[PDB]
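Undergrad: structure, please.
(chains A, B and C)
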Amino acid sequence: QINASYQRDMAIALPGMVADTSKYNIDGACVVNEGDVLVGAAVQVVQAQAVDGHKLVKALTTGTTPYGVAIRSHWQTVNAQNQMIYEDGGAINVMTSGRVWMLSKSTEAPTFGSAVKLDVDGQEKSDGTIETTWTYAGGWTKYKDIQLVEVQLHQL
Amino acid sequence: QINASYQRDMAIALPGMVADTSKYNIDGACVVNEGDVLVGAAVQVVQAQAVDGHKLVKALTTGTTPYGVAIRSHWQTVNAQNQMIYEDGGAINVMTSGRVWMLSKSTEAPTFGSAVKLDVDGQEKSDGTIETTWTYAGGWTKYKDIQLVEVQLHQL
Amino acid sequence: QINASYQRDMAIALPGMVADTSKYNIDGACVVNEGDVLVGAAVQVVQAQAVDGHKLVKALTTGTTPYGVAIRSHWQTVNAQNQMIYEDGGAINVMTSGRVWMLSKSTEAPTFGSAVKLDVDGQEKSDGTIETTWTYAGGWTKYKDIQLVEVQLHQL
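TA: Numbers count the residues shown, from 1 in each chain, chains lettered A, B, ... in the order given. Let me share the structure:
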């Protein structure tokens, strides 16, 4: 007989994953209102409390300005529709600057250094209606028919 | 008789106090020249030495872009005018990036993410004649008839 | 006879040397492509790999946008034409933010806070063609005949 060995590769990333350990910033004094936010999508700020100091954020909508991207944690999320989400009325981890893996709806690889446009629901699309100050970072992969892209986030 | 219990709340912040421990930067190689600086007020850079490296700073005036905000210290400052000031001819801490409490002369709470306008004397004002690239953070409180506001400082 | 004693002063900086310990950031997952890079000169990114993650960099030319500045490293560099360089097909340290000493071609001191103009070969020079978003940090010295200048670099 002939003995055999096989080789397999792991995936590269998952939605909401922190790409690199390069000069990042996460805001933890945030609270969620009006529904749920998927891990890996932009969020908007509706109010910053004057004295309490907590920032009220929710899912990105039309005619607004994004503030940050939710990140992945094994303790703060809940499991719904076979995916990790931040439920209403709970603390959220929002990255304001760094490098992150974001969900994508496009079909063509982006160009390094170009501006990123979002859709009305917070997922990256090549031709969007929301203009941001974030940038592409060149990462482009796919995990079990889920499109992921790499985004560099600057502080607003 | 009926027993009684009393409760009091501490004040939130003091002028020149650092707000959050999130990605700040302090320049300590500066020196005050020809004047005094109140903690929690903007400063201007007059001349940057080519070889020595020390930077001459003073109080902000009309027709000049600010550099940073002086912060508190129990060892570097001196006590004068019922306040905590930086005397002339001494090393001074200037915070260049981060979140800082600043003295203000306004009466209406600012909107999160808007531009910051300074006055001639170096204090925040709703209607200022000096343009600035800093932003608001939402903090808005008062400590015994002193108005304070939370400012996000970006590196020059 | 009577005795004597002397005094000498060391130079301030060297090309491609980190100016100080401010908030900086380096990139070490870059590879030099088709040529060599001088230590202390700007570089440009030609391509970023989609799945592998490396970044191909080269010397700056006309009609391109700068990305960073190479820095000194006694281990990863090679000696050529009596200088320190990064040879082709190897790793390279690229400083993407912070204060750095870099080579210059100008003849007079620069103005603090002014924008940086670069030449087609990647060295700082007044009235140059390429426009960047970096600033001058107030440093002007010569080392045994080479002209150096201190630059503040922000992330793209």
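Undergrad: what does chain A have sitting close to chain B?
TA: Applying CB under 8 Å from any CB of the partner chain, we find that chain A lies next to chain B at A:25, A:27, A:45, A:47-51, A:53, A:55, A:65, A:97, A:155-156. Just so you know, the C-beta spots here come from the backbone N, C-alpha and C atoms, and that holds for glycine as well.
Undergrad: pipe these into a markdown table and attach secondary structure, distance to residue A:83 and neighbour count per row.
TA: Listed next are the residues of chain A next to chain B as a markdown table, based on DSSP: H, G, I helix; E, B strand; the rest coil; distance: CB to CB, whole Å; neighbours: other CB atoms under 10 Å in any protein chain shown:
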| residue | secondary structure | distance to residue A:83 | neighbour count |
| --- | --- | --- | --- |
| A:25 | strand | 25 | 14 |
| A:27 | strand | 23 | 17 |
| A:45 | strand | 24 | 21 |
| A:47 | strand | 27 | 13 |
| A:48 | strand | 29 | 24 |
| A:49 | coil | 30 | 14 |
| A:50 | coil | 35 | 14 |
| A:51 | coil | 36 | 11 |
| A:53 | coil | 30 | 16 |
| A:55 | strand | 24 | 23 |
| A:65 | coil | 26 | 14 |
| A:97 | strand | 25 | 19 |
| A:155 | coil | 28 | 16 |
| A:156 | coil | 27 | 18 |
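Undergrad: so residue A:130 touches residue A:115, yeah?
TA: No: at 11.0 Å, residue A:130 does not count as touching residue A:115 under the criterion of CB atoms under 8 Å.
Undergrad: show me which strand runs longest in chain A.
TA: Criterion DSSP state E: the longest strand present in chain A is strand A:130-142.
Undergrad: neighbour-wise, which of residue A:130 and residue A:115 wins?
TA: Just comparing residue A:130 and residue A:115: by other CB atoms under 10 Å in any protein chain shown the higher neighbour count belongs to residue A:130, 20 against 12.
Undergrad: not counting sequence-adjacent ones, nearest residue to the residue in chain A positioned nearest to chain B?
TA: Nearest residue of chain A to chain B, counting by CB to the nearest CB: residue A:48, 2.8 Å away. Closest residue to residue A:48 apart from its sequence neighbours, by CB to CB, 6 or more residues apart in numbering or on different chains: residue B:138 at 2.8 Å.
Undergrad: wait, the one you found touches residue B:152, no?
TA: No: between residue B:138 and residue B:152 there is no contact under CB under 8 Å: 9.6 Å.
Undergrad: still on that earlier bit, residues of the longest strand of chain A that come out buried?
TA: A:130, A:132, A:134, A:135, A:136, A:137, A:138, A:139, A:140, A:141 (16 or more other CB atoms under 10 Å in any protein chain shown).
Undergrad: need the residues of chain A near chain C, please.
TA: Residues of chain A lying near chain C (CB under 8 Å from any CB): A:12, A:22-23, A:109, A:112-113, A:135, A:137-141, A:152, A:154.
Undergrad: residue A:108 against residue A:126, yeah?
TA: Yes: between residue A:108 and residue A:126 there is a contact under CB under 8 Å: 6.0 Å.
Undergrad: tell me the contacts of whatever residue of chain A ends up closest to chain C?
TA: The minimum distance from chain A to chain C, using CB to the nearest CB, falls at residue A:138 (3.0 Å). By CB atoms under 8 Å, 6 or more residues apart in numbering or on different chains, the contact set of residue A:138 is A:110, A:112, A:150, C:48, C:49, C:50, C:55.
Undergrad: one more: residue A:49?
TA: Counting by CB under 8 Å, 6+ apart, residue A:49 touches A:55, A:56, B:138.
Undergrad: how much space separates the residue most central in space within chain A from residue A:93?
TA: For chain A, the residue nearest the mean C-alpha position is residue A:40 (2.7 Å; CA atoms, centre = their mean). Relative to residue A:93, residue A:40 is positioned 12 Å away (CB to CB, to the nearest Å).
Undergrad: overlap in contacts, those two.
TA: In contact with both residue A:40 and residue A:93: residue A:70, using CB under 8 Å, 6+ apart.
Undergrad: could I get the phi/psi values of the nearest residue to residue A:88 once chain neighbours are set aside?
TA: Leaving aside its chain neighbours, residue A:88 sits nearest to residue A:32 (5.5 Å; criterion: CB to CB, 6+ apart). Here is the backbone geometry of residue A:32 (degrees, to the nearest 10): phi -110, psi 140.
Undergrad: from memory residue A:32 sits against residue A:87, does it?
TA: Yes: with contacts counted by CB under 8 Å, residue A:32 reaches residue A:87, the gap being 7.4 Å.
Undergrad: ok, those two, which is more surrounded?
TA: In terms of neighbours (other CB under 10 Å), residue A:32 is the more surrounded of residue A:32 and residue A:87; the figures are 21 against 14.
Undergrad: what residues does the more buried one make contact with?
TA: A:56, A:57, A:58, A:86, A:87, A:88, A:89, A:90, A:91, A:92.
Undergrad: where does the closest residue to residue A:107 other than its chain neighbours fall, phi/psi-wise?
TA: Nearest residue to residue A:107 in three dimensions, chain neighbours excluded: residue A:126, at 7.5 Å (CB to CB, 6+ apart). The phi/psi pair for residue A:126 (degrees, to the nearest 10) reads phi -60, psi -40.
Undergrad: contact partners for residue A:126?
TA: Contacts of residue A:126 by CB under 8 Å, 6+ apart are A:106, A:107, A:108, A:110, A:117.
Undergrad: packing partners for the host helix or strand of the last one?
TA: Here residue A:117, judged by DSSP states H and E, is contained in strand A:115-118. Counting by 3 or more CB pairs under 8 Å, 6 or more residues apart in numbering or on different chains; DSSP states H and E, the packing neighbours recorded for strand A:115-118 are strand A:130-142.
Undergrad: neighbouring strands - and their directions - for the strand it packs on?
TA: strand A:115-118 (antiparallel), strand A:147-153 (antiparallel) (DSSP bridges).
Undergrad: chain center to it, what's the gap?
TA: A distance of 10 Å separates the centroid of the chain from that of strand A:130-142, by CA atoms, centre = their mean, to the nearest Å.
Undergrad: partner residues bridging residue A:102?
TA: On the basis of DSSP bridges, residue A:102 is bridged to residue A:149.
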